[PDB]
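So you can see what is in the structure, the chains are spelled out below.
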Amino acid sequence: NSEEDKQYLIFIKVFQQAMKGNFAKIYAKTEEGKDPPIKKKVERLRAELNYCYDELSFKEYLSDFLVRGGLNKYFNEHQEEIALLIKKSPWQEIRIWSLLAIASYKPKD
Amino acid sequence: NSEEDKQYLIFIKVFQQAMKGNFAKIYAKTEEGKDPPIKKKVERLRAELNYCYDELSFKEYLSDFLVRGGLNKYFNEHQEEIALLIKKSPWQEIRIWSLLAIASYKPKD
Amino acid sequence: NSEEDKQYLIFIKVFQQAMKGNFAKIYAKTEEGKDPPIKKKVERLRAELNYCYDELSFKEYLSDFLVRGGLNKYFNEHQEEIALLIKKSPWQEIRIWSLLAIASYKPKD
Amino acid sequence: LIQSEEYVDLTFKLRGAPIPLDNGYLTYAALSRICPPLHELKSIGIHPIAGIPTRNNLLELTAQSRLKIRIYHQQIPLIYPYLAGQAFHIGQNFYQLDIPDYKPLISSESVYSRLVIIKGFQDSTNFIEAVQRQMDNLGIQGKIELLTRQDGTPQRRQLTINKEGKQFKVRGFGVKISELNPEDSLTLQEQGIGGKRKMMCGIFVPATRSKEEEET
Amino acid sequence: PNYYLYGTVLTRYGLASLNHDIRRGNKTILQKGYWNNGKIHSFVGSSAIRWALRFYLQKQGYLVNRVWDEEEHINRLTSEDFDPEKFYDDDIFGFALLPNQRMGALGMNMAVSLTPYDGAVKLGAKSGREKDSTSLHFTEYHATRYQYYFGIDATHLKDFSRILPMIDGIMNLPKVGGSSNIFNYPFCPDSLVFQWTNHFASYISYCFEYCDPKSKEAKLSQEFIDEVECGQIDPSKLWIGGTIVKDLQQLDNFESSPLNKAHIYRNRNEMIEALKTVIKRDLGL
Amino acid sequence: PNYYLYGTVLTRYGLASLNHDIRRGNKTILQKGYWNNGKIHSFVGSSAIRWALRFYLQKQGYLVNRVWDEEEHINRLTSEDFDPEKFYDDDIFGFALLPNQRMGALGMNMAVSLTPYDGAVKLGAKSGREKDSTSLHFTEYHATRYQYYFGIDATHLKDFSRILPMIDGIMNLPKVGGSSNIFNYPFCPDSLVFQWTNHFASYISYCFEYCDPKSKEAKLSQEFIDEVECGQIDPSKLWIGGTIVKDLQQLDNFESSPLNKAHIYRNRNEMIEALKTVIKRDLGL
Amino acid sequence: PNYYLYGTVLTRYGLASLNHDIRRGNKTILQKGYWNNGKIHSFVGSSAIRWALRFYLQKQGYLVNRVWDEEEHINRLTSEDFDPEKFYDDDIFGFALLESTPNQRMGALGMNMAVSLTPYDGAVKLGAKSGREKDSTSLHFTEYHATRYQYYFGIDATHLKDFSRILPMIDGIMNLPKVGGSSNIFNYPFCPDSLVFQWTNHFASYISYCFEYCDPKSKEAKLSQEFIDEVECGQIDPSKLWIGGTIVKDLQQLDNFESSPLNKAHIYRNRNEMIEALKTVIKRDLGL
């Protein structure tokens with residue numbers, strides 16, 4: 001319930017879909033007998049997320065990550081809501097939401 | 001409400017329309033039974049957006065992008081304020097908005 | 001058990017699994033010596049949790065720690081409930097629950 | 001539908017501080033200072049700069065704002081090394097030009113001129129018969145129409161020549177011309193009408209700009 | 001010892017349209033950019049010159065891995081595995097498939113027009129199937145001499161004797177660009193400034209300059225003359241030949257100048273023969 | 001006494017594509033960033049210059065630990081345990097294993113383009129047909145002269161005589177960067193400002209500046225000349241040489257200026273010989 | 001009397017990656033935080049400058065309790081009991097022996113973190129271990145920053161055990177060795193290029209950070225208008241103000257400079273002359 005909570009939950013879904021897309025891209029990148037990353041790419045994503053300062057850099061990285069994720073439906077249905085949520089709100093809060101999505105993305109894969 | 005977000009939203013919409021026109025132009029470019037890439041087009045757009053190095057770069061780039069977008073109705077009703085928003089505001093913020101528009105573009109087609 | 005009690009227990013289990021992951025990471029990084037410290041890790045975690053002074057800093061640290069934990073199967077099974085509980089509840093109560101989870105932790109034999 | 005030969009449009013991307021809406025002598029003198037050969041050329045015209053209007057009588061330069069020059073395509077090597085990549089100053093601001101692009105001269109049934117100046121003709125009827133006579137000299141047939149404001153009055157414009165200490169008053173009209181056929185349309189686009197061709201007035205352009213000027 | 005052959009070669013004057021940029025619209029625009037004095041100069045890519053040198057190597061009969069069909073316009077490989085020991089192409093230009101890779105002895109830079117681009121354009125009517133329609137399109141041409149800088153690591157060659165065919169190919173360079181070269185522009189040298197030394201440092205990168213912006217003759221840059229006079233460039237290691245020699249010999253105090261003791265020949269072939277003799281003596285061929 | 005050799009090196013003018021950013025997509029992005037007066041300048045990393053210096057030390061036969069294979073394109077360690085007493089590279093550039101660490105006697109800063117980076121992207125198509133990932137591509141290049149600042153702590157060297165090979169390598173620097181096949185950019189100095197003093201304070205870092213934002217001409221910054229004239233920077237410890245010597249001497253009141261008392265040599269070799277004589281006298285070599 | 005030497009020193013323009021933060025991932029980040037106008041500036045810790053001063057004192061002879069090995073990268077104490085009377089470093093920087101003459105000392109030098117004059121926007125440098133083989137320690141990133149640095153310090157001269165030890169401290173501030181950082185790839189000289197020193201006998205300074213930028217992405221540095229207003233209004237006695245460096249030219253190019261009270265300060269374009277005059281005044285005042 002509550003509009004803010006629904007927006008937060010479906011933004012978590014958006015971020016989880018984006019990480020699914022990025023992880024699929026990494027899976028496609030690797031070849032041969034080398035073991036494709038699963039956990040260390042998550043650690044890389046964590047390191048890149050904490051490597052962030054002020055409003056501009058984090059929003060740039062978040063937008064780049066979302067685009068690199070590729071196709072996603074939760075952002076498809078909700079354009080205005082997530083656009084306003086990302087444009088507004090402190091960047092630290094959005095980083096907290098992104099980390100919370102990271103910690104709970106894995107049930108998908 | 002607080003019409004800055006109105007300008008942000010119709011900028012997103014005009015960006016989506018312009019990119020759709022460009023994907024249509026690329027569809028016109030390709031020929032014969034090769035499948036016209038769609039995800040690769042988005043990847044190419046993201047890479048070109050990240051190629052810029054402030055001010056002149058990405059400003060003439062995004063102006064040319066909107067121009068090649070074709071007949072954009074919302075742009076026609078929103079020439080002046082979109083141009084003013086382009087001239088003002090930091091360029092990295094414009095890039096963030098463009099990347100968000102890319103991430104939220106799909107459900108048109 | 002009420003739904004609030006169920007979510008509280010799931011959060012305790014989530015935090016315990018995150019501590020399991022962090023301590024396993026420390027064990028792997030500090031295999032040298034007679035044995036990597038365990039009490040020192042708990043003291044470090046307690047000091048870092050008590051360092052937090054406001055909601056934003058504490059929730060940032062909590063999300064960072066939870067992601068560093070790893071898979072966190074209890075968070076896999078409960079995206080929305082645990083995410084809403086973390087976002088909504090006052091940070092002092094979440095710190096109390098986290099410290100209770102720390103106290104009620106069993107290192108793997 | 002016929003692309004004119006021997007005549008091109010050298011377009012330089014223009015950037016800098018906002019400029020008066022009636023640049024005219026300003027831009028011409030700046031280019032002449034940068035390019036001495038530009039003073040002695042004859043069949044050359046400078047396009048009106050395309051940018052949105054700002055406060056006062058100033059004009060703000062956009063990314064689509066560009067300095068466009070209509071010139072005989074064999075006379076480009078006389079002004080290209082002086083303009084391509086160089087910079088000119090209007091007042092106290094520095095403006096930069098990049099490598100220009102060539103645009104062919106397209107024919108159109110209806111052509112527009114944002115400003116036409118004829119010496120000694122200030123009223124509408126004398127001006128109209130003067131433009132008819134000028135058509136007769138070049139052997140061009142067409143119907144002459146005058147651009148109007150929101151009130152329907154024929155539109156007048158003023159050119160301010162700041163020669164030496166005194167400032168000068170030269171004025172004219174803005175006409176819309178149709179029923180030309182592609183050959184005579186191209187002939188009028190290259191030759192132009194009236195005087196002061198280098199003075200950002202007297203050259204022609206399609207009627208889309210005519211409607212756009214009519215809007216505001 | 002490590003031996004290097006650095007050289008700047010100046011082409012002959014004429015109309016040039018080579019290595020065009022993106023053919024956007026109807027116009028075929030030259031590859032141009034900024035150069036000294038902040039003026040626009042037309043460039044020619046060094047990859048085209050390397051391709052021309054490789055084509056010369058193929059045509060002369062030397063064994064090369066990559067072979068140009070000249071009819072199907074398709075590049076074919078004699079052997080999938082690259083063997084620089086046997087192939088001139090792999091020994092000289094290197095290879096990379098992505099010893100799976102080789103750097104290659106030859107290293108070049110883009111050819112730069114001597115005079116600034118005057119902006120001259122040419123009108124042409126291309127064919128059309130729409131009822132024999134002819135559409136007028138713009139092609140840029142530059143009447144200038146191009147100069148490019150190349151560097152040879154003789155020691156890096158698997159076979160030390162392969163340097164001589166490279167010099168011959170540089171002298172007798174085939175057509176550059178191929179189909180894109182509308183006007184047949186000979187890229188063979190008109191004036192040469194070579195340097196056969198054993199040091200990594202070279203101060204002969206772009207030693208040519210124009211007396212006037214609109215001229216068909218070339219002059220050595222005053223910086224190069226000063227470098228020779230001060231003593232930075234050893235005259236015994238300097239080789240100058242071509243048309244520039246005629247202008248140099250007319251300068252006053254030429255006999256007293258240190259430029260005189262450098263190897264200077266009016267005829268390019270004589271200088272090439274003397275330099276090849278010196279290289280063979282030094283490389284133990 | 002603690003002796004330090006500070007120096008700012010200006011390279012020759014040419015088309016350069018040496019250090020690239022993260023490579024993905026069509027463009028190979030030149031390593032660029034902001035610099036003075038708030039304009040984008042292309043950069044060359046100091047790690048590349050250090051690698052070039054180590055490669056020079058390897059090619060001249062000096063004993064080094066890390067060896068560049070030049071065939072496998074990998075780095076081989078002659079000894080797993082670093083020994084600065086024996087190996088030149090370990091003594092000069094230091095090492096870190098993770099005594100297993102050494103700070104190294106050479107400290108070098110990143111190379112900065114003198115001229116701001118405006119445009120100049122290159123077209124990278126590969127022959128015809130088969131338009132794969134190796135098809136239409138873009139490469140960024142910059143037509144400028146790079147400038148970098150370095151500092152040597154001579155007393156920190158295990159062997160004091162090793163400073164001379166470092167100076168020789170700075171003079172004859174080998175290939176720096178990667179795009180040598182199509183953008184051959186010699187990194188040898190053409191203008192030098194050296195300071196051999198016994199103070200930690202250096203006021204010669206990045207002393208060169210342009211006269212025209214799009215020209216090849218270079219000029220010592222007015223700040224450096226003011227620093228020399230005020231009383232700072234003892235002229236007896238200042239060594240200036242190269243093509244900047246002519247511009248310095250054409251300055252008015254040069255004879256009365258304190259800059260005239262500095263060791264000014266038009267020939268870089270003469271400056272290097274005199275400076276090496278002074279260094280050998282001071283270090284007891 | 002109680003004499004204090006306050007001062008703000010501005011460094012030279014150059015790529016600087018001096019002080020880093022927690023290792024994080026593959027990218028070494030600078031120590032940065034919000035400084036002015038809500039913009040993020042890069043910082044250099046004052047402990048780094050104190051270590052550099054200690055190293056200077058060690059290199060130029062002198063007696064220092066802490067001796068940097070410079071070979072094993074280890075710190076050795078000549079005497080386990082700190083003696084500020086004998087050792088320069090103990091007298092100047094103080095000590096604190098907590099493990100269990102006084103065991104603690106407040107030191108005569110008080111420094112503040114060096115603040116970059118220019119906001120830190122981008123400037124991440126790609127770093128590769130090269131070769132053809134790749135591994136975990138192959139692709140790394142290092143943050144740099146093309147800016148001037150500016151720090152503020154204050155000396156309680158009377159607190160020194162030996163009053164003459166202030167002169168070597170000023171010499172070290174002038175000829176400062178490398179400040180801890182990646183000098184292998186980012187060599188940043190920390191020697192001052194502009195000085196604003198104040199040799200007064202009261203605690204108020206008002207000269208903490210007197211340098212401010214213009215055109216925030218440029219190397220040009222000017223004196224802050226607040227400092228100039230402080231000088232002109234009557235506060236900050238010009239006779240106690242020592243200004244030296246490249247800012248002297250900009251100060252003298254100001255209009256109405258002769259009529260301004262700033263003209264009565266000790267202004268020397270050459271830093272050595274200003275330091276010599278200041279040390280002469282200090283020796284006269286301290287009875288050296």
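Everything that follows concerns the structure shown earlier in this document.
Residues numbered from 1 in each chain as written, not as in the entry; some residues may be left out. Chains lettered and ligands numbered in written order. Part of a larger assembly, values for the part shown. Heavy atoms only, no water.

1. Things to note about the overall build of chain E
- Secondary structure summary: chain E contains six helices and 19 strands in total.
- By the compact-globule yardstick of 19 Å for 285 residues, chain E fits well, its C-alpha radius of gyration being 21 Å.
- Seen along its three principal axes, the alpha-carbon backbone of chain E occupies a region of about 70 × 50 × 30 Å.
- Within chain E, the proportion of its 285 residues that are buried is 58%.
- As displayed, chain E has an accessible area near 12,000 Å², and 49% of this comes from carbon and sulfur atoms.
- Distance between charge centroids for chain E: 6 Å, based on 32 positive and 34 negative side chains. (Helix = DSSP H or I, 4+ residues; strand = E, 2+ residues; numbered from the N terminus. Rg over C-alpha atoms; globule rule 2.2 N^0.38 Å. Buried < 20%, exposed > 50% of the residue type's maximum accessible area, 1.4 Å probe, protein only. Areas by Shrake-Rupley, 256 points an atom, 1.4 Å probe, with all protein chains shown as cover. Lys, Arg positive; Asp, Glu negative; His and termini not counted. Charge placed at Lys NZ, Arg CZ, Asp CG, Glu CD.)

2. Concerning the packing of helix α1 (residues 3–29) of chain A against helix α6 (residues 91–103) of chain A
All names here are of chain A.
- As a packed pair, α1 and α6 sit with axes 9 Å apart at the nearest point and diverge in direction by 60°. Relative to α6, the element α1 is oriented oblique. The handedness of the crossing between α1 and α6 comes out as right-handed. Each of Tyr-8, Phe-11, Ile-12, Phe-15, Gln-16 and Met-19 in α1 lies in contact with α6, whose residues at this interface are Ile-94, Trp-97, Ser-98, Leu-100, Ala-101 and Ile-102.
- The class makeup of the residues in the contact of α1 with α6 is ten nonpolar, two polar and no charged. (Axes fitted to C-alpha atoms, helices over the stretch in contact; angles between N-to-C directions. Parallel < 35°, antiparallel > 145°, perpendicular 65-115°, else oblique. Left-handed = near helix turned anticlockwise from the far one by under 90°. Contact = heavy atoms within 4.5 Å. Nonpolar A, V, L, I, M, F, W, Y, C, P; charged D, E, K, R; others polar.)

3. A word on the nonpolar core
- Of all hydrophobic cores here, the largest spans 97 residues; its most connected members are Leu66(A), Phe15(B), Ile102(B), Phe15(C) and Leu66(C).
- Excluding its chain neighbours within four sequence positions, the residues that come into contact with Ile102(B) are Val67(A), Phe15(B), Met19(B), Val42(B), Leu45(B) and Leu49(B).
- Counting residues in each nonpolar core, the second largest holds 88 residues, with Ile244(E), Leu248(E), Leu18(F) and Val64(F) among its members. (Core = buried A, V, L, I, M, F, W, Y, C linked by side-chain atoms within 4.5 Å.)

4. Here we look at the arrangement of the chains
- If you rank the ten pairs of chains in contact by how many contacts each has, first place goes to chains F and G.
- There is a gap between chain B and chain C: no contact, and a shortest C-alpha distance of 23 Å.

5. A few points about the side chain of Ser205(F)
- Relative to the elements of secondary structure, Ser205(F) occurs in the loop between β16 (189–197) and β17 (208–210).
- Judged by its relative accessible area of 4%, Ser205(F) is buried.
- Setting aside chain neighbours within four positions, we find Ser205(F) in contact with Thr8(F), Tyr149(F), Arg12(G), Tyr13(G) and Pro189(G).

6. Concerning the state of the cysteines
- If you walk through the whole model with that rule in mind, you get zero disulfides over all chains.
- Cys207(E) takes part in no disulfide bond, and the closest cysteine sulfur to it belongs to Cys188(F), at a distance of 13 Å. (Disulfide = S-S within 2.5 Å.)

7. Observations regarding the sheet that holds strand β3 (residues 27–28) of chain G
Residues and elements named next belong to chain G.
- Ordered in space as β3-β13-β12, the three strands form an open sheet in which the pairing is mixed. For this open sheet the edge positions go to β3 and β12 (124–128), each flanked by a neighbour on one side alone.
- One ladder, built from two bridges, connects β3 with strand β13 (residues 139–143); its direction is parallel. Bridging from a neighbouring strand, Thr-28 pairs with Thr-142 of β13. (Pairing = 2+ DSSP bridges.)

8. Describing the packing of aromatic side chains
- What the rule picks out here adds up to 81 aromatic pairs over all chains.
- On the basis of an interplanar angle of 75° and a centroid distance of 5.5 Å, the ring pair of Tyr8(B) and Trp97(B) is categorised as edge-to-face. On the criterion of sequence distance, the pair formed by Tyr8(B) in helix α1 (residues 4–29) and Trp97(B) in helix α6 (residues 91–103) is long-range, its members being 89 residues apart. Comparing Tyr8(B) with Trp97(B) shows no difference in burial state: the two are buried.
- When the centroid spacing of 5.3 Å and the interplanar angle of 85° are considered together, the rings of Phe153(G) and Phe197(G) count as edge-to-face. (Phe/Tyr/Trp six-rings, centres within 6.5 Å; stacked < 30°, edge-to-face > 60°.)

9. Considerations on the interface of chain G and chain A
- Of the residues lining the interface, 13 residues belong to chain G; the matching set on chain A comes to six residues.
- Between chain G and chain A, the buried area comes to about 680 Å², and carbon and sulfur atoms account for 56% of it.
- Broken down residue by residue, the surface that chain G buries against chain A is led by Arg24(G), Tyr34(G) and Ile40(G), which jointly contribute 49%.
- At the boundary of chain G with chain A, the tally comes to zero salt bridges.
- Linking chain G with chain A are four residue pairs in polar contact, by the criterion used here.
- Taken together, the elements giving at least two residues each to the side of chain G that touches chain A come down to β4 (31–36) and β5 (39–44) of chain G.
- Grouping the constituent residues of the side of chain G that touches chain A by class yields four nonpolar, three polar and six charged. (Buried area = accessible area lost by both parts, 1.4 Å probe. Salt bridge = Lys/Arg side-chain N within 4 Å of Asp/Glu carboxyl O. Polar contact = N/O pair within 3.5 Å; in protein donor to acceptor, adjacent residues only side chain to side chain.)

10. Concerning a positive patch on the surface
- A cluster of basic side chains, namely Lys13(B), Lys20(B), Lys73(B) and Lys108(B), defines a positive patch on the protein surface.
- Its relative accessible area of 35% is what places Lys73(B) among the partly exposed residues. (Patch = residues over 30% accessible without salt bridge, like charges linked within 9 Å, V, L, I, M, F, W, Y side chains within 5 Å.)

11. Looking at the sheet that holds strand β12 (residues 121–123) of chain F
All names here are of chain F.
- Spatial strand order, β3-β13-β12: three strands in an open sheet with mixed pairing. Looking at strand neighbours, the two that pair on one side only are β3 (27–28) and β12, the edges of this open sheet.
- As paired elements, β3 and strand β13 (residues 138–140) share two bridges and run parallel to each other. Looking across to β13, one finds that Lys-27 is bridged to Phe-138.

12. Description of the interface of chain F and chain G
- In this complex, chain F contributes 52 residues to the contact, which on the side of chain G involves 49 residues.
- Interface area for chain F against chain G, summed over the two sides, is near 3,900 Å², with a carbon-plus-sulfur share of 50%.
- At the surface where chain F touches chain G, the tally comes to seven salt bridges.
- The salt bridge involving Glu223(F) is made with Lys219(G); its shortest N-O contact spans 3.6 Å.
- Taken together, chain F and chain G are joined by 15 residue pairs in polar contact.
- Here the side of chain F that touches chain G takes five residues from helix α4 (residues 222–230) of chain F, the largest share from any one element.

13. Description of the pattern of salt bridges
All names here are of chain E.
- For the coordinates displayed, the defined rule picks out 78 salt bridges over all chains.
- Across the salt bridge formed by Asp-89 and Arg-54, the nearest N and O atoms sit 2.4 Å from each other. With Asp-89 in helix α2 (residues 88–93) and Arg-54 in helix α1 (residues 46–59), this residue pair connects regions lying 35 residues apart in the sequence. Here the two residues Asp-89 and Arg-54 agree in accessibility, since each one is buried.

14. Section: a negative patch on the surface
- The grouping of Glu85(E), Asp159(E), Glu71(F) and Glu72(F) at the surface amounts to a negative patch.
- Its place among the elements puts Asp159(E) in the loop between β14 (146–153) and α3 (163–171).

15. With respect to the pairing of strand β1 (residues 4–11) of chain E
Residues and elements named next belong to chain E.
- Within β1, eight of the eight residues are buried, leaving the element largely enclosed by the surrounding structure.
- Going residue by residue along β1, you find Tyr-4, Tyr-6, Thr-8 and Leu-10 tucked away on one face and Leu-5, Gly-7, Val-9 and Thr-11 tucked away on the opposite face as well.
- As paired elements, β1 and strand β15 (residues 189–197) share eight bridges and run antiparallel to each other. Across the sheet, the residue bridging to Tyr-4 is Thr-197, located in β15.

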